[PDB]
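Written out below as C-alpha cells is the structure these notes cover.
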Amino acid sequence: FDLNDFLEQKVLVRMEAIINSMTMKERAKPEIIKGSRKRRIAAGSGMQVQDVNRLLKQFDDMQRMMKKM
RNA sequence: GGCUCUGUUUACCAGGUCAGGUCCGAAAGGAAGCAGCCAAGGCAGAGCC
Ligand SMILES: [K+]
Ligand SMILES: [K+]
Ligand SMILES: [K+]
Ligand SMILES: [Mg+2]
Ligand SMILES: [Mg+2]
Ligand SMILES: [Mg+2]
Ligand SMILES: [Mg+2]
C-alpha cells in the first residue's frame with residue numbers, strides 16, 4: 001500500500017494535488033520524502049510544507065490501518 | 001576527445017512544454033510552476049573523424 005493506492009482511494013482535490021507533484025519513486029516509497037522534497041512538492045502543488053506534512057500523516061494513518069484490517 | 005546510432009539512467013540546484021494544484025483579476029484575461037513528457041546531462045556498446 002503506497003501513495004498510488006491512497007491516491008485512488010476542496011480537501012480531496014488538495015490531497016490529490018500534493019500527490020500529483022511527486023515523482024513515481026516518492027509515491028512508491030513516501031518515507032524518502034524529507035525536507036528538500038517536501039519543499040519542492042509544496043511549492044509545486046501551491047501548498048505550504050505544513051499541508052504536505054498533514055497529507056503524509058493522513059497517508060501514514062491509512063497505511064497503518066490497511067496493514068491491520 | 002568530437003559527432004552519430006542504440007540501450008539505459010537522472011526529485012529540487014538558471015532548458016522547452018507545462019496536466020493537476022497555486023497566484024493576480026469582478027470579468028476579460030494574465031503569471032509563477034512540481035510531476036510527466038521532451039531536451040539535456042550521467043554510464044555503456046557500436047560506427048565515423
Ligand atoms: K543515449
Ligand atoms: K514541468
Ligand atoms: K507548479
Ligand atoms: Mg527537472
Ligand atoms: Mg523548467
Ligand atoms: Mg491548470
Ligand atoms: Mg478569484
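Here is the naming used below: chain letters follow the sequence lines, and residue numbers restart at 1 for every chain.
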Residue set satisfying salt bridge (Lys or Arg N to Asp or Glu O under 4.0 Å) with A/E31, at least two apart, ordered chain then number -> A/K29
State which residues pass salt bridge (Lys or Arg N to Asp or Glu O under 4.0 Å) with A/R27; sequence neighbours excluded, sorted by chain then number.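 Not a single residue meets the salt bridge (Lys or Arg N to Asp or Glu O under 4.0 Å) criterion with A/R27.
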Check for me whether B/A14 and B/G15 meet both conditions: six-membered ring centres under 5.5 Å apart and planes under 30°.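 For these two strand neighbours, the answer is no: their six-membered rings do not meet both cut-offs.
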Can you measure [X] atom [atom1] to [N] atom [atom2] for me and round it to whole angstrom units?
{"X": "A/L55", "N": "B/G21", "atom1": "CG", "atom2": "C1'", "value": "12 Å"}
{"X": "A/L3", "N": "B/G20", "atom1": "CG", "atom2": "P", "value": "21 Å"}
{"X": "A/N20", "N": "B/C18", "atom1": "CG", "atom2": "P", "value": "18 Å"}
{"X": "A/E16", "N": "B/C34", "atom1": "CD", "atom2": "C1'", "value": "16 Å"}
{"X": "A/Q50", "N": "B/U22", "atom1": "CD", "atom2": "P", "value": "16 Å"}
{"X": "A/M22", "N": "B/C37", "atom1": "CE", "atom2": "P", "value": "17 Å"}
{"X": "A/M47", "N": "B/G21", "atom1": "CE", "atom2": "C1'", "value": "6 Å"}
{"X": "A/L7", "N": "B/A35", "atom1": "CG", "atom2": "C1'", "value": "12 Å"}

Write down the distance separating the [atom1] atoms in [N] and [M], rounded off to the nearest Å.
{"N": "B/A14", "M": "B/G47", "atom1": "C1'", "result": "36 Å"}
{"N": "B/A31", "M": "B/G16", "atom1": "P", "result": "14 Å"}
{"N": "B/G30", "M": "B/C13", "atom1": "P", "result": "27 Å"}
{"N": "B/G33", "M": "B/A19", "atom1": "P", "result": "12 Å"}
{"N": "B/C3", "M": "B/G29", "atom1": "P", "result": "46 Å"}
{"N": "B/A32", "M": "B/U22", "atom1": "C1'", "result": "9 Å"}
{"N": "B/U17", "M": "B/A35", "atom1": "P", "result": "15 Å"}
{"N": "B/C23", "M": "B/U9", "atom1": "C1'", "result": "35 Å"}

Mind checking who [N] pairs with, Watson-Crick or G-U wobble, both distances under 3.5 Å?
{"N": "B/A31", "answer": "B/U22"}
{"N": "B/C43", "answer": "B/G7"}
{"N": "B/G36", "answer": "B/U17"}
{"N": "B/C48", "answer": "B/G2"}

Does B/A19 have its sugar in the north or the south range once you look at the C1'-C2'-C3'-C4' torsion? north
With sequence neighbours left out, write down each residue that passes side-chain contact (heavy atoms from CB on, under 4.5 Å) with A/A43, or none if nothing qualifies.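 Per chain and number, A/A43 pairs via side-chain contact (heavy atoms from CB on, under 4.5 Å) with no residue.
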Please name all residues satisfying side-chain contact (heavy atoms from CB on, under 4.5 Å) with A/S36, sequence neighbours left out, ordered by chain then number.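 So A/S36 forms a side-chain contact (heavy atoms from CB on, under 4.5 Å) with A/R39.
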I'd like to know if A/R40 pairs up with A/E26 as an ion pair, taking the criterion as any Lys NZ or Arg NE/NH1/NH2 lying under 4.0 Å from an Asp or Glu carboxylate oxygen. yes
Donor-acceptor pair, distance only, cut-off 3.5 Å: does the side chain of A/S45 make one with the backbone of A/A42? yes
Closer than 3.5 angstrom, by distance alone: can the side chain of A/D61 be matched with the main-chain N or O of A/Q58 as a donor-acceptor pair?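 No.
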Step-by-step side-chain contact (heavy atoms from CB on, under 4.5 Å) determination, A/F1 to A/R64: CA-CA 9 Å; A/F1 185 77; A/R64 281 169 183 282; over 6 Å; no
In the 5'-to-3' direction, what one-character label does each nucleotide of nucleotides 10-16 of chain B receive under the scheme B = base within less than 4.0 Å of a protein heavy atom, S = sugar-phosphate only, - = no such atom? SBB----
